[PDB]
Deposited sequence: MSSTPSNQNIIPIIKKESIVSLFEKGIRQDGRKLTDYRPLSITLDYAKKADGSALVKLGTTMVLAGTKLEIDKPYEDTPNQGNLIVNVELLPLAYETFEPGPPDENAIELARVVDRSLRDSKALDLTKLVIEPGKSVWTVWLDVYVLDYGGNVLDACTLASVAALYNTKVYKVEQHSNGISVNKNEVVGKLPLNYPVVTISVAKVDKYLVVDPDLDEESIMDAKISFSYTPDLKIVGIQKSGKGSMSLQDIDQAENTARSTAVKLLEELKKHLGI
């Protein structure tokens, strides 16, 4: 059963206006324009014992994503596909008020949202992960851990995920057994994917909301893009609502940002 969060911070009336009055001048607290992204750092192969890993810092948000490959019989439903299991965890260490031990509501929501934009975009080609058709396929465990909650966690997960996958090493397949030091190649990835979150605060729209900005927003909406700018996932979020034209502009903005972010993601990954 889902219920209104009692614990998430009720940020005073006064503080909200301060931020809005700045928005009115097209600037924010940290200094960036309404459509700007926070500084982005990506450190690849961070967790050494992962198959592929990525440490992402988007502003003060920190996410560590790591992959782990396993050989399984494919699901009886989908006999010609490898499996993908995305797993967001919101470990308390992220924020001043969290519960630990395997994920809750938002952790699950984050995972499914990241899942759907990897799967539905065929950014990762699951049909290319088949070893013995119907008998054995690769299972790609994606485990995404949020270490520091800086706001706009979704976008940072998408990034950490895409990065971890691109970092992933496939191994030699001894015919029966895996061999974990003869590296065969890389994951069958068609292209990277970015998720861009736009927050509606008051009457303004804001790209990549920070912690404060999130706590005062009416709602946020997230758009997943493939490199050629096909929309590949959308998620409205938050207890407030949003007008029709709000959403229209939101996507407009989300998209012309997507280009910039995608280039920068590629630079971290190496084209």
Should a student be asked to find the unmodelled regions, what ranges of the deposited sequence would be the right answer here? 176 to 179
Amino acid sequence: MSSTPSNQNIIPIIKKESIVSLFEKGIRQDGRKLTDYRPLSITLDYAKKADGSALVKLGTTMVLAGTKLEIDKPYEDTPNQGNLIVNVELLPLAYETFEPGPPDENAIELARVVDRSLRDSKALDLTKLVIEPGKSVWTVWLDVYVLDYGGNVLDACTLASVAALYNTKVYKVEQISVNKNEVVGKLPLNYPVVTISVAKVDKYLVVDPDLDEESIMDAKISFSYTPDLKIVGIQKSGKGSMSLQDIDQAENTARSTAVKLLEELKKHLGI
From here on, numbers count along this sequence of modelled residues.
Please compare 196 to 204 with 86 to 94 and name the stretch with the higher mean C-alpha B-factor in the deposited structure. 86 to 94
Could you settle it for me: does 176 to 184 or 138 to 146 have the higher average Cα B factor in the PDB entry? 176 to 184
Third of chain Cα B-factors occupied by residue 160: lowest
Third assignment of residue 25 from its chain's C-alpha B-factors: lowest
Would the CA B-factor of residue 73 place it in the lowest, middle or highest third of its chain? highest
For the chain shown, is the CA B-factor of residue 19 in the lowest, middle or highest third of its modelled residues? lowest
Sorting the chain's CA B-factors, does residue 189 end up in the lowest, middle or highest third? middle
